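To keep things clear, I will list the structure first and then write my remarks on it.
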Amino acid sequence: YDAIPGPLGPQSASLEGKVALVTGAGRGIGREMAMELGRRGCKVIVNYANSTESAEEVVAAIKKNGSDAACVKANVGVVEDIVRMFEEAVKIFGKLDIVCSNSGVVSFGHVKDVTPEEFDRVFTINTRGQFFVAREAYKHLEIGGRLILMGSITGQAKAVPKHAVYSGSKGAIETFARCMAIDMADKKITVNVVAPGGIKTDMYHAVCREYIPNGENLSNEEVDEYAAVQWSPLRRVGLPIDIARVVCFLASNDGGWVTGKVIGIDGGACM
Amino acid sequence: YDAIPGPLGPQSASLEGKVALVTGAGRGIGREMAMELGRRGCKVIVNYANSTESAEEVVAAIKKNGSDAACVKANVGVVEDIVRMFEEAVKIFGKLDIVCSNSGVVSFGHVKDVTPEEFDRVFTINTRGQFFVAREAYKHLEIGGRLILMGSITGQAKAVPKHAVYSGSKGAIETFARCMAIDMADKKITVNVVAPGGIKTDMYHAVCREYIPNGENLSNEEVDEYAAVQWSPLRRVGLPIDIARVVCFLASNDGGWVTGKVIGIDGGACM
Amino acid sequence: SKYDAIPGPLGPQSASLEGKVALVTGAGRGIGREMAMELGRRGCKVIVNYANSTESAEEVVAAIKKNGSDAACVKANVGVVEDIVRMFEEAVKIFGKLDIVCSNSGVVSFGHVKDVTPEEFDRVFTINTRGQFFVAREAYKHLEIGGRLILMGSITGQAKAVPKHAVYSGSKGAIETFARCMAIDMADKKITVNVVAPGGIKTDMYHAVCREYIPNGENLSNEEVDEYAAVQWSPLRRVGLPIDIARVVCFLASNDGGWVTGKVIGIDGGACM
Amino acid sequence: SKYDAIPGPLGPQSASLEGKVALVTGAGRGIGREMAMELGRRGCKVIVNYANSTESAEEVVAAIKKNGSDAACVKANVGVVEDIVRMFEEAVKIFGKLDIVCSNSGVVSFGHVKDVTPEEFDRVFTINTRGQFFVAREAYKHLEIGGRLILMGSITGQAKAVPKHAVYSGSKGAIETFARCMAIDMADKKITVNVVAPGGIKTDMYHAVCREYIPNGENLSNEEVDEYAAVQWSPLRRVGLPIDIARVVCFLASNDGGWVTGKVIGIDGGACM
Ligand SMILES: NC(=O)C1=CN([C@@H]2O[C@H](COP(=O)(O)OP(=O)(O)OC[C@H]3O[C@@H](n4cnc5c(N)ncnc54)[C@H](OP(=O)(O)O)[C@@H]3O)[C@@H](O)[C@H]2O)C=CC1
Ligand SMILES: NC(=O)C1=CN([C@@H]2O[C@H](COP(=O)(O)OP(=O)(O)OC[C@H]3O[C@@H](n4cnc5c(N)ncnc54)[C@H](OP(=O)(O)O)[C@@H]3O)[C@@H](O)[C@H]2O)C=CC1
Ligand SMILES: NC(=O)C1=CN([C@@H]2O[C@H](COP(=O)(O)OP(=O)(O)OC[C@H]3O[C@@H](n4cnc5c(N)ncnc54)[C@H](OP(=O)(O)O)[C@@H]3O)[C@@H](O)[C@H]2O)C=CC1
Ligand SMILES: NC(=O)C1=CN([C@@H]2O[C@H](COP(=O)(O)OP(=O)(O)OC[C@H]3O[C@@H](n4cnc5c(N)ncnc54)[C@H](OP(=O)(O)O)[C@@H]3O)[C@@H](O)[C@H]2O)C=CC1
Ligand SMILES: O=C1C=Cc2c1cccc2[N+](=O)[O-]
Ligand SMILES: O=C1C=Cc2c1cccc2[N+](=O)[O-]
Ligand SMILES: O=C1C=Cc2c1cccc2[N+](=O)[O-]
Ligand SMILES: O=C1C=Cc2c1cccc2[N+](=O)[O-]
């Protein structure tokens, strides 16, 4: 029990020669996860559901930076797509070391107005989808593998109104991490959840003002000032790279004793 | 802002003349919630899905104790049943002051073995069902009403293996409480979640040993000793009345400033 | 099967504090004063502790008697452990036993971390943390088997947006950990230990430092401060009052609070701070 | 748009601690010793603080130099604020500036709440809580703009099953609250403040009190204690080691930890205590 796990020194942070799969990697946070993982030495499998051209673009940019990459189409709202995506994936590079469950959709609405169709729309992707991506990940990962789930500050937030559906779908993920950390440990796989605050993406551009009291008439410039001054003492807006960096840490040997945890990445936000 | 809300003294705990609806009140914890609420002066609407005779029995026992009661059939896994149950309910006693979302099912299994049918079975009732019971509750409750959701120690537990599905369905409820507490406050309604530890019910009798390492061969007598010594410094097993009492507190004026909270009722358990 | 025994009475009698004996530290003013009053109204005999407010303490005692219960005050400063030990010895001499102990006494503090002096750090921790811990030690020793111990915390123990508040916030955060740890030990005498964590509550403490929690609030009128507190800190849209806390303390002190131990109960109207 | 600027370098250089200067309190032994060593291997110049272990401190310094970085030890007891102030003044004189501060120094304690003396309560809080707070005050004043401050917490701050541990547990729990509150203040200099909360880790502290966390463990052999720790406290089935913590400290100290502030990072292998 005194044997050192992995190398001492800077090498413990290396992702050289690893093979990673990221869901929803054609845009936003997922895209940056794939890019950054590629820069650190990973062969990356870029999953997408709709954005086909964007996906082929991420694959090209990763090769340009010195790492191999490939894309695979699959909709997480369909367990069968998830099952085959993983079967294709292991055929591409021969193994799977890291899995980043990133795909997700957003939603806003007073509880009194939520329809069962909208509730199901969100949960099938944000919760049920991540669960099944995790199931297949367990079966296919190398012993000593990694699984990083995507949460949100909304799982614990206390002041965002009309956001129960989305918030609840993300809150469930924090519990999965703890419970899956136990089961998946029989394969020495760690499981954690990243919980970012607002990050500038297409998602952010579409609903940012929903998190801002009386912000319907704010200019894009004003929205970012609010985000910078209101959601962080460090006084700046969050960016995809802010998350990609933490994902890489968890994915490396440096995160070997971190499992069953929820890592908040929001610049000290209070929401 | 200095005006005292409600009466000073012991009367602030009274549930006299209130009308409450409890889902899954024909058995277990729900049954005790209805009984106790009835003893404190509430007219109770006993919902059930399958247990018809048990339901009529709870209604009779409540009348016997001095309060009116009535039963209504509805399956929470069907939004339409929930919609009509509430419409019937307000016709029975003329109004609705307290709603206890209690109905739930249990499930155990290693992540690698979970099927989409089982995952959906559990979430449709424990999560989607509670969400829609809450939606209808909001629409029908009196201003100053109450809504108590049913969680579990499993939402935060860290040592129960093969329990991700159930645990996650309950963990989502803690997030709903915070988010719904905001929306429902426009009607001065409070929303909280009760998170019990093991409580002796039919549920407990069926899966208690799943929470006990190497407990497959334990006698019922031995299971209770383990539960008493292992899950509580107070050295006893949890009982439905332990939960019913806290529900009554939240339902009264005494709980007027308690909203958006998760109240753990497990006798100081560590699971 | 012995495990099937119902603990306490079924029905509304489970909420009763009739004939109980309770001690409240710092009961001459604020939240502590209202705890004693409300506990008094539910039928408890109350020992009103105070460190400085002598005349106010005597007034609380007289008011409780007028409401139909018996009370008496005892002077003690929680900064001196010896004062606490003798306070409990005098307590049991007055009413014969002790059923409920409410550790309420506390002081507030604001200041950028760079400006905190060791004297100010010690000023606060000795009362808010060290004081509560020793009041808890004595409460254990003297409480009836099946008694109650409620510690005073704050929203600041978990708050994320209050600047220049590490000393006070840290002194309260430690209490949440004392509850979980003390709930284990004190259970050998069937005593339950919980922490109440209020949001802002209108007392003397609030009037002195409320604006410190409000960004650019230095020039706000009292009327504007309450509006901010009411609208910003609660979806229910109102300010917190001593009775909001007193009511939850009574629940915890009753048989209704029997299975609730080692917990933190936030009572802030759904605040986000 | 100024908000679109990427903070720091893309790729693996973001994980670099090359040419950084770090100070670690209690770096002559245990977790503190391994933090200094590992930080040294990633390219930092290290100031090795110690209060008593002089010879051990000198050994850590020599080992870091042998691994290719520069180091120096400074004697200081965190119980004396004046020793901390002068320690930081001597620190900047040695390497010219300070980029990373690791508040690691601490003592353990066990005892039923009924048996705790005020002298023992003060012994622990002065080092574990008051000490860390004043090491943090000085770290703020002397740190480079964009620096780092990592406080040492423990699993005990939130643990639910360790009996006779309210003093120590409470002293660590307060740190989690210091992180959230100090992250706000120290951000005016772009410094991030986080808390690492380890589970059991094999050090001298562990060897002295490990059995106290194990029910009926008083007669366990060291071999049996490790097996219990490995199987009971982790699904991964192994014991915690100083390197497991040192690695996470380095992450937080790097540009990779830039958006992580005001957080508690548990590093216990998925333990439940
Ligand atoms: N941005 C923010 O402020 C925050 C975001 N998050 C979470 O981070 C993740 C990414 O967010 P962000 O990048 O902003 O989101 P975007 O809206 O930019 O899209 C993110 C990704 O989700 C993918 N996706 C959507 N539906 C599916 C599906 N059915 N199957 C597979 N993939 C799908 C999209 O791919 P496609 O184009 O093919 O549809 C896209 O690649 C989400 O889970 C989000 O909830 C958490 C906190 C904050
Ligand atoms: N007992 C324990 O250890 C704990 C239980 N809980 C939760 O407390 C609640 C009650 O548990 P417990 O009393 O032990 O459970 P039981 O298994 O005894 O049954 C509880 C109730 O759930 C109802 N129910 C099931 N399905 C539906 C449905 N589709 N629609 C409406 N009602 C339904 C049942 O009614 P019917 O007979 O009509 O099917 C029954 O009334 C649950 O939500 C449970 O998860 C939380 C923590 C611990
Ligand atoms: N007001 C608020 O918004 C909130 C308050 N709290 C906590 O609630 C408690 C009381 O608050 P509040 O009523 O507003 O406070 P006040 O400032 O109005 O008075 C608090 C009490 O503390 C007592 N006290 C002070 N020092 C000592 C001492 N050395 N020994 C014994 N008793 C002492 C005072 O008694 P004396 O007159 O004799 O000095 C007084 O009775 C505190 O612990 C506080 O931190 C928590 C959250 C919010
Ligand atoms: N070991 C474990 O399992 C865990 C430990 N921790 C925490 O990690 C930290 C270190 O633990 P660990 O390495 O095991 O401890 P050890 O007992 O092995 O040594 C701890 C260090 O504290 C230092 N120290 C003690 N008093 C002072 C003082 N008055 N001033 C300055 N430095 C002082 C010691 O230095 P010196 O030789 O000069 O006295 C020593 O370097 C502690 O804060 C501890 O509470 C948290 C979780 C788990
Ligand atoms: O989870 C989130 C998705 C979007 C978002 C979230 C948290 C905070 C802010 C914003 N935003 O879009 O502005
Ligand atoms: O949520 C729960 C449902 C059953 C249960 C739960 C928690 C702890 C124990 C047990 N049990 O059945 O034994
Ligand atoms: O702990 C507290 C003491 C005062 C206070 C606290 C929390 C929130 C508000 C206020 N106030 O005084 O306004
Ligand atoms: O904080 C701690 C100090 C020692 C320890 C702690 C947590 C868990 C285990 C052990 N141990 O010494 O075995």
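Convention: chains lettered A, B, ... in structure tokens order; per-chain residue numbering from 1; ligands numbered from 1 as shown.
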Taking 3 positions as the minimum chain separation for residues in the same chain, which residues sit within 7 Å of segment 66-68 of chain B when counting only C-alpha atoms? Answer as a PDB file with C-alpha atoms, in the first residue's frame.
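Ended up saving to part32.pdb:
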ATOM      1  CA  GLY B  38     -55.466  13.426  10.470  1.00  0.00           C
ATOM      2  CA  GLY B  41     -56.803  18.029  12.561  1.00  0.00           C
ATOM      3  CA  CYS B  42     -56.478  17.631   8.769  1.00  0.00           C
ATOM      4  CA  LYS B  43     -59.119  16.310   6.328  1.00  0.00           C
ATOM      5  CA  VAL B  44     -57.011  13.870   4.287  1.00  0.00           C
ATOM      6  CA  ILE B  62     -58.793   8.480   9.909  1.00  0.00           C
ATOM      7  CA  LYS B  63     -62.565   9.014  10.345  1.00  0.00           C
TER       8      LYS B  63
END
| request: May I have the residues of chain D within 6 Å of chain C, counting only C-alpha atoms, written as number ranges by chain? | output: D: 113-114, 137, 157, 160, 163, 166, 170, 173-174, 177-178, 180-181, 184
| Protein and nucleic residues near ligand 8, 7 Å, only C-alpha atoms and all ligand atoms, as a PyMOL selection string | chain D and resi 108+154-156+199-201+205-207+209-211+213
| query | Do you know which residues are within 8 Å of ligand 6 using only C-alpha atoms and all ligand atoms? Can you write them as a VMD selection string? | reply | chain B and resid 106 151 to 154 167 196 to 201 203 to 211 227 271
Keeping only N, CA and C atoms, write the selected residues to a file as a PDB file, in the first residue's frame.
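Result file is part.pdb:
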ATOM      1  N   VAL B 106     -38.365   1.354  -5.630  1.00  0.00           N
ATOM      2  CA  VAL B 106     -36.946   1.159  -5.392  1.00  0.00           C
ATOM      3  C   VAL B 106     -36.317   0.288  -6.470  1.00  0.00           C
ATOM      4  N   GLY B 151     -37.503  12.688  -0.759  1.00  0.00           N
ATOM      5  CA  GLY B 151     -36.162  12.352  -1.192  1.00  0.00           C
ATOM      6  C   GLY B 151     -35.660  11.073  -0.538  1.00  0.00           C
ATOM      7  N   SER B 152     -34.398  11.074  -0.130  1.00  0.00           N
ATOM      8  CA  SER B 152     -33.806   9.904   0.491  1.00  0.00           C
ATOM      9  C   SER B 152     -32.372  10.185   0.848  1.00  0.00           C
ATOM     10  N   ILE B 153     -31.845   9.415   1.791  1.00  0.00           N
ATOM     11  CA  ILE B 153     -30.451   9.544   2.191  1.00  0.00           C
ATOM     12  C   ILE B 153     -29.537   9.196   0.984  1.00  0.00           C
ATOM     13  N   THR B 154     -30.061   8.393   0.052  1.00  0.00           N
ATOM     14  CA  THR B 154     -29.323   7.962  -1.139  1.00  0.00           C
ATOM     15  C   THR B 154     -28.919   9.087  -2.110  1.00  0.00           C
ATOM     16  N   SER B 167     -30.801   6.181  -6.586  1.00  0.00           N
ATOM     17  CA  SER B 167     -30.140   7.307  -5.932  1.00  0.00           C
ATOM     18  C   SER B 167     -30.250   8.581  -6.755  1.00  0.00           C
ATOM     19  N   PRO B 196     -35.376  10.775   4.363  1.00  0.00           N
ATOM     20  CA  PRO B 196     -35.254   9.749   5.403  1.00  0.00           C
ATOM     21  C   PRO B 196     -34.169   8.722   5.196  1.00  0.00           C
ATOM     22  N   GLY B 197     -33.739   8.105   6.296  1.00  0.00           N
ATOM     23  CA  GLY B 197     -32.770   7.023   6.208  1.00  0.00           C
ATOM     24  C   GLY B 197     -33.663   5.794   6.089  1.00  0.00           C
ATOM     25  N   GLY B 198     -33.147   4.596   6.354  1.00  0.00           N
ATOM     26  CA  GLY B 198     -34.001   3.412   6.300  1.00  0.00           C
ATOM     27  C   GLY B 198     -35.183   3.514   7.272  1.00  0.00           C
ATOM     28  N   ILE B 199     -36.386   3.232   6.779  1.00  0.00           N
ATOM     29  CA  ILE B 199     -37.616   3.273   7.580  1.00  0.00           C
ATOM     30  C   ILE B 199     -38.314   1.918   7.364  1.00  0.00           C
ATOM     31  N   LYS B 200     -38.797   1.286   8.437  1.00  0.00           N
ATOM     32  CA  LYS B 200     -39.453  -0.030   8.311  1.00  0.00           C
ATOM     33  C   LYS B 200     -40.790   0.003   7.611  1.00  0.00           C
ATOM     34  N   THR B 201     -40.802  -0.457   6.360  1.00  0.00           N
ATOM     35  CA  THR B 201     -42.009  -0.511   5.528  1.00  0.00           C
ATOM     36  C   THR B 201     -41.874  -1.751   4.660  1.00  0.00           C
ATOM     37  N   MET B 203     -41.158  -1.619   1.575  1.00  0.00           N
ATOM     38  CA  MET B 203     -39.962  -1.337   0.775  1.00  0.00           C
ATOM     39  C   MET B 203     -38.763  -1.843   1.524  1.00  0.00           C
ATOM     40  N   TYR B 204     -38.685  -1.462   2.802  1.00  0.00           N
ATOM     41  CA  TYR B 204     -37.594  -1.881   3.676  1.00  0.00           C
ATOM     42  C   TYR B 204     -37.487  -3.407   3.756  1.00  0.00           C
ATOM     43  N   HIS B 205     -38.618  -4.077   3.924  1.00  0.00           N
ATOM     44  CA  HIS B 205     -38.579  -5.526   4.019  1.00  0.00           C
ATOM     45  C   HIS B 205     -38.064  -6.207   2.776  1.00  0.00           C
ATOM     46  N   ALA B 206     -38.362  -5.630   1.618  1.00  0.00           N
ATOM     47  CA  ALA B 206     -37.923  -6.208   0.348  1.00  0.00           C
ATOM     48  C   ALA B 206     -36.440  -6.010  -0.019  1.00  0.00           C
ATOM     49  N   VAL B 207     -35.868  -4.834   0.255  1.00  0.00           N
ATOM     50  CA  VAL B 207     -34.470  -4.597  -0.135  1.00  0.00           C
ATOM     51  C   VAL B 207     -33.462  -4.198   0.942  1.00  0.00           C
ATOM     52  N   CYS B 208     -33.842  -4.292   2.211  1.00  0.00           N
ATOM     53  CA  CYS B 208     -32.933  -3.918   3.298  1.00  0.00           C
ATOM     54  C   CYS B 208     -31.542  -4.539   3.204  1.00  0.00           C
ATOM     55  N   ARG B 209     -31.480  -5.827   2.898  1.00  0.00           N
ATOM     56  CA  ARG B 209     -30.206  -6.533   2.802  1.00  0.00           C
ATOM     57  C   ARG B 209     -29.296  -6.079   1.664  1.00  0.00           C
ATOM     58  N   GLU B 210     -29.847  -5.320   0.721  1.00  0.00           N
ATOM     59  CA  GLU B 210     -29.056  -4.813  -0.401  1.00  0.00           C
ATOM     60  C   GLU B 210     -28.128  -3.687   0.072  1.00  0.00           C
ATOM     61  N   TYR B 211     -28.455  -3.107   1.225  1.00  0.00           N
ATOM     62  CA  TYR B 211     -27.667  -2.026   1.809  1.00  0.00           C
ATOM     63  C   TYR B 211     -26.716  -2.554   2.851  1.00  0.00           C
ATOM     64  N   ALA B 227     -29.308  -2.357  11.319  1.00  0.00           N
ATOM     65  CA  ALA B 227     -29.863  -1.043  11.033  1.00  0.00           C
ATOM     66  C   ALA B 227     -29.790  -0.121  12.239  1.00  0.00           C
ATOM     67  N   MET B 271     -24.244   6.920   5.477  1.00  0.00           N
ATOM     68  CA  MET B 271     -24.342   5.894   4.439  1.00  0.00           C
ATOM     69  C   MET B 271     -23.744   6.312   3.107  1.00  0.00           C
TER      70      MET B 271
END
With a distance cut-off of 10 Å and only C-alpha atoms, select the neighbouring residues of residue 248 of chain C, excluding the residue or stretch itself and same-chain residues fewer than 2 positions from it, and output the selection as a CSV table (one decimal) with C-alpha atoms, in the first residue's frame.
chain,number,residue,atom,x,y,z
B,249,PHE,CA,-43.9,20.5,11.3
B,250,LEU,CA,-43.1,21.7,7.7
B,253,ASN,CA,-46.9,27.7,10.4
B,254,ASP,CA,-43.8,26.7,12.4
B,255,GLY,CA,-42.1,26.0,9.1
B,256,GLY,CA,-43.0,29.3,7.5
B,257,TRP,CA,-39.4,30.4,7.0
B,258,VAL,CA,-38.1,27.0,5.9
C,35,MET,CA,-36.4,31.7,21.9
C,196,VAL,CA,-30.0,26.2,13.1
C,243,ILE,CA,-40.0,34.3,15.8
C,244,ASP,CA,-39.1,32.5,12.5
C,245,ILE,CA,-36.1,31.0,14.3
C,246,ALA,CA,-37.8,30.5,17.7
C,250,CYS,CA,-39.2,24.5,19.5
C,251,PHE,CA,-39.8,21.8,16.9
C,252,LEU,CA,-36.3,20.5,17.4
C,253,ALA,CA,-36.7,20.7,21.1
C,257,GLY,CA,-37.5,16.4,16.4
C,265,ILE,CA,-31.4,23.5,9.3
C,266,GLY,CA,-31.3,26.6,7.2
C,267,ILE,CA,-34.0,29.1,8.0
| request: Please give me, as an MDAnalysis selection string, the residues lying within 9 Å of ligand 4 when counting only C-alpha atoms and all ligand atoms. | output: chainID D and resid 25:34 49:54 56:57 75:80 103:108 126:128 131 151:156 168 172 196:208 210 240:242 268
Write out as a Markdown table a residue-level contact list of chain D versus chain A with cut-off 6 Å: for each qualifying residue the closest pair of atoms and the distance in Å to one decimal, counting only C-alpha atoms, rows sorted by chain and residue number upward.
| residue | atom | partner | partner_atom | distance |
| --- | --- | --- | --- | --- |
| D:3 | CA | A:237 | CA | 6.0 |
| D:11 | CA | A:39 | CA | 5.0 |
| D:12 | CA | A:40 | CA | 5.4 |
| D:38 | CA | A:9 | CA | 5.9 |
| D:41 | CA | A:9 | CA | 5.1 |
| D:42 | CA | A:10 | CA | 5.3 |
| D:184 | CA | A:233 | CA | 5.6 |
| D:187 | CA | A:234 | CA | 5.4 |
| D:190 | CA | A:234 | CA | 5.9 |
| D:235 | CA | A:182 | CA | 5.5 |
| D:236 | CA | A:185 | CA | 5.3 |
| D:239 | CA | A:1 | CA | 5.7 |
| D:244 | CA | A:257 | CA | 5.9 |
| D:247 | CA | A:254 | CA | 5.1 |
| D:256 | CA | A:245 | CA | 5.2 |
| D:259 | CA | A:267 | CA | 4.7 |
| D:260 | CA | A:265 | CA | 5.1 |
| D:261 | CA | A:268 | CA | 5.2 |
| D:262 | CA | A:268 | CA | 5.3 |
| D:267 | CA | A:258 | CA | 5.1 |
| D:269 | CA | A:257 | CA | 4.7 |
| D:270 | CA | A:259 | CA | 5.3 |
| field | Exercise answer, chain B residues close to chain A, 7 Å and only C-alpha atoms, as a list in words | value |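 Selected residues: residues 110, 111, 112, 135, 138, 139, 155, 156, 158, 161, 162, 163, 164, 167, 168, 169, 171, 172, 175, 176, 178, 179, 180, 182 and 183 of chain B.
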| message | So that I can see what lies close to residue 150 of chain A, please list as a PyMOL selection string the residues with an atom at most 7 Å from it, counting only C-alpha atoms and leaving out residues fewer than 5 positions away in the same chain. | response | chain A and resi 101-102+193-195
Those same residues, written as a PDB file, in the first residue's frame with C-alpha atoms?
ATOM      1  CA  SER A 101     -19.984  12.865 -21.444  1.00  0.00           C
ATOM      2  CA  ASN A 102     -20.605  16.437 -22.612  1.00  0.00           C
ATOM      3  CA  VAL A 193     -18.549  15.611 -12.524  1.00  0.00           C
ATOM      4  CA  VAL A 194     -17.460  19.018 -13.784  1.00  0.00           C
ATOM      5  CA  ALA A 195     -19.868  21.782 -12.767  1.00  0.00           C
TER       6      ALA A 195
END
| task | Please identify which residues in segment 76-261 of chain C DSSP calls strand (DSSP E) from the backbone, and express them as a ChimeraX atom specification. | result | /C:100-103,148-152,192-198
